[PDB]
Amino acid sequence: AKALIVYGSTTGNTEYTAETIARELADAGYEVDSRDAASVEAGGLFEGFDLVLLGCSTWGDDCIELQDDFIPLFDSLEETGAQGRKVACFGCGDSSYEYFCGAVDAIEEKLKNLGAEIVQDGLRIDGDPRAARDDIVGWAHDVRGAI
(Lines of atoms letter the chains of each structure in order from A and count residues from 1; the text may use other names and numbers.)
(Lines give C-alpha, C1' and ligand atoms only; values in the text may rest on other atoms or scores of the structure.)
Protein backbone atom coordinates (compact mmCIF):
# COMPACT_ATOMS: atom_id res chain seq x y z
CA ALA A 1 0.00 0.00 0.00
CA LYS A 2 1.37 3.41 -1.06
CA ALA A 3 -0.02 6.61 0.67
CA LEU A 4 0.51 10.17 -0.21
CA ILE A 5 -0.12 12.85 2.50
CA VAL A 6 -0.25 16.43 1.37
CA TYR A 7 -0.68 19.17 3.99
CA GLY A 8 -1.15 22.94 4.21
CA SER A 9 0.04 24.32 7.58
CA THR A 10 0.74 27.97 8.64
CA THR A 11 1.61 27.46 12.27
CA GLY A 12 2.54 23.80 12.10
CA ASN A 13 -0.55 22.20 13.67
CA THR A 14 -1.83 20.39 10.55
CA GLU A 15 1.88 19.54 9.80
CA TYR A 16 2.23 17.88 13.17
CA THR A 17 -1.10 16.04 12.50
CA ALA A 18 0.27 14.85 9.11
CA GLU A 19 3.55 13.66 10.89
CA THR A 20 1.48 11.69 13.35
CA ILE A 21 -0.73 10.05 10.65
CA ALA A 22 2.40 9.30 8.59
CA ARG A 23 4.06 7.53 11.46
CA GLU A 24 0.94 5.48 12.22
CA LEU A 25 0.66 4.44 8.49
CA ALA A 26 4.44 3.67 8.17
CA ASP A 27 4.22 1.63 11.34
CA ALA A 28 1.37 -0.40 9.85
CA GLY A 29 3.73 -1.25 6.79
CA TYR A 30 2.46 1.40 4.37
CA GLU A 31 4.93 3.24 2.06
CA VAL A 32 4.17 6.94 2.96
CA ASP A 33 5.16 9.98 0.85
CA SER A 34 4.45 13.11 2.88
CA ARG A 35 4.65 16.55 1.07
CA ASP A 36 4.07 20.18 2.13
CA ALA A 37 1.46 21.73 -0.29
CA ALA A 38 3.72 24.90 -0.54
CA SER A 39 5.75 22.90 -2.96
CA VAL A 40 3.74 20.30 -4.76
CA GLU A 41 2.44 20.31 -8.29
CA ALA A 42 -1.16 19.40 -8.93
CA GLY A 43 -0.76 17.62 -12.12
CA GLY A 44 -1.00 13.86 -11.89
CA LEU A 45 -0.18 14.30 -8.09
CA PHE A 46 -2.26 11.34 -6.94
CA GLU A 47 -1.35 8.88 -9.68
CA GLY A 48 0.44 5.80 -8.27
CA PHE A 49 -1.13 6.09 -4.86
CA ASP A 50 -3.54 3.66 -3.30
CA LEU A 51 -4.53 6.30 -0.66
CA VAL A 52 -4.27 10.04 -0.57
CA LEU A 53 -4.79 12.10 2.66
CA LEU A 54 -5.22 15.84 2.32
CA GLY A 55 -4.65 18.08 5.37
CA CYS A 56 -5.48 21.73 5.54
CA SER A 57 -6.16 24.31 8.36
CA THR A 58 -9.08 26.76 8.20
CA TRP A 59 -8.60 30.50 8.31
CA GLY A 60 -10.87 33.47 7.54
CA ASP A 61 -12.89 33.93 10.69
CA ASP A 62 -15.97 35.63 8.98
CA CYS A 63 -15.82 33.37 5.94
CA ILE A 64 -13.85 30.22 4.91
CA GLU A 65 -10.35 30.61 3.65
CA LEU A 66 -8.09 27.55 3.14
CA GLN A 67 -4.46 27.58 4.56
CA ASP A 68 -2.58 29.78 2.11
CA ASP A 69 -0.11 27.09 0.85
CA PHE A 70 -2.95 24.81 0.02
CA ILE A 71 -5.04 27.18 -2.12
CA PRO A 72 -3.08 26.49 -5.50
CA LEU A 73 -3.56 22.79 -5.13
CA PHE A 74 -7.18 23.08 -4.21
CA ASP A 75 -7.85 25.37 -7.17
CA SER A 76 -6.19 22.53 -9.40
CA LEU A 77 -7.83 19.45 -7.79
CA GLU A 78 -9.46 18.39 -11.12
CA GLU A 79 -5.95 17.85 -12.43
CA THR A 80 -4.68 15.47 -9.76
CA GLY A 81 -6.11 12.06 -10.62
CA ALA A 82 -8.82 12.03 -7.99
CA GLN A 83 -11.48 10.01 -9.84
CA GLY A 84 -11.80 6.47 -8.37
CA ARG A 85 -9.04 7.42 -5.78
CA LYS A 86 -9.45 6.45 -2.17
CA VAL A 87 -8.99 9.63 -0.14
CA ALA A 88 -9.75 11.14 3.22
CA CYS A 89 -9.19 14.58 4.69
CA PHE A 90 -7.93 16.16 7.90
CA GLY A 91 -7.28 19.62 9.34
CA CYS A 92 -7.02 21.84 12.39
CA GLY A 93 -9.37 24.64 13.25
CA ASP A 94 -11.11 26.12 16.40
CA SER A 95 -14.77 25.46 17.20
CA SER A 96 -15.23 29.03 18.47
CA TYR A 97 -15.30 30.19 14.82
CA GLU A 98 -18.47 30.09 12.79
CA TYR A 99 -17.14 27.62 10.15
CA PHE A 100 -15.16 25.18 12.26
CA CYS A 101 -12.71 23.27 9.98
CA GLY A 102 -14.66 24.54 6.98
CA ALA A 103 -11.56 23.79 4.88
CA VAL A 104 -11.83 20.07 5.51
CA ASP A 105 -15.58 20.19 4.18
CA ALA A 106 -14.69 22.26 1.19
CA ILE A 107 -11.84 19.79 0.18
CA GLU A 108 -14.07 16.70 0.89
CA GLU A 109 -16.93 18.11 -1.23
CA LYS A 110 -14.62 18.97 -3.99
CA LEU A 111 -13.13 15.46 -3.94
CA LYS A 112 -16.57 13.81 -3.84
CA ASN A 113 -17.73 15.74 -6.93
CA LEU A 114 -14.61 14.71 -8.66
CA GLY A 115 -15.58 11.01 -8.29
CA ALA A 116 -13.05 10.32 -5.51
CA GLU A 117 -13.91 7.70 -2.94
CA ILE A 118 -14.09 9.19 0.62
CA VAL A 119 -13.10 6.42 2.83
CA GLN A 120 -13.57 7.94 6.15
CA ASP A 121 -15.31 11.15 7.37
CA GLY A 122 -12.76 14.04 7.73
CA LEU A 123 -10.67 14.42 10.83
CA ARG A 124 -11.54 17.93 12.27
CA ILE A 125 -9.16 18.89 15.17
CA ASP A 126 -10.27 21.59 17.52
CA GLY A 127 -7.40 23.23 19.19
CA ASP A 128 -3.83 21.91 19.61
CA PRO A 129 -3.48 18.64 17.83
CA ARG A 130 -0.76 17.64 20.48
CA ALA A 131 -3.93 17.47 22.80
CA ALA A 132 -5.86 15.27 20.45
CA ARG A 133 -2.84 12.92 19.61
CA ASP A 134 -5.03 9.90 20.34
CA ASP A 135 -8.05 10.82 18.18
CA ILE A 136 -5.37 11.36 15.22
CA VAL A 137 -3.87 7.90 15.87
CA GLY A 138 -7.39 6.50 15.98
CA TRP A 139 -8.55 8.07 12.75
CA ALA A 140 -5.37 6.82 10.88
CA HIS A 141 -6.24 3.21 12.02
CA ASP A 142 -9.81 3.71 10.88
CA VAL A 143 -8.80 4.90 7.44
CA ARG A 144 -6.55 1.79 6.89
CA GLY A 145 -9.63 -0.34 7.75
CA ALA A 146 -11.64 1.47 5.14
CA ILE A 147 -9.67 0.76 2.20
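Quick note: we count residues from 1 along the sequence shown, nothing fancier.
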item	value
Mean C-alpha B-factor comparison - 133-141 and 16-24, higher one	133-141
Stretch with the higher entry mean CA B-factor, where the candidates are 64-72 and 38-46	38-46
Per the PDB entry, maximal CA B factor within 101, 51, 116, 54	116
Cα B factor band for residue 122 (lowest, middle or highest third within the chain)	middle
Entry-reported Cα temperature factor of residue 58, expressed as the chain third it lands in	lowest
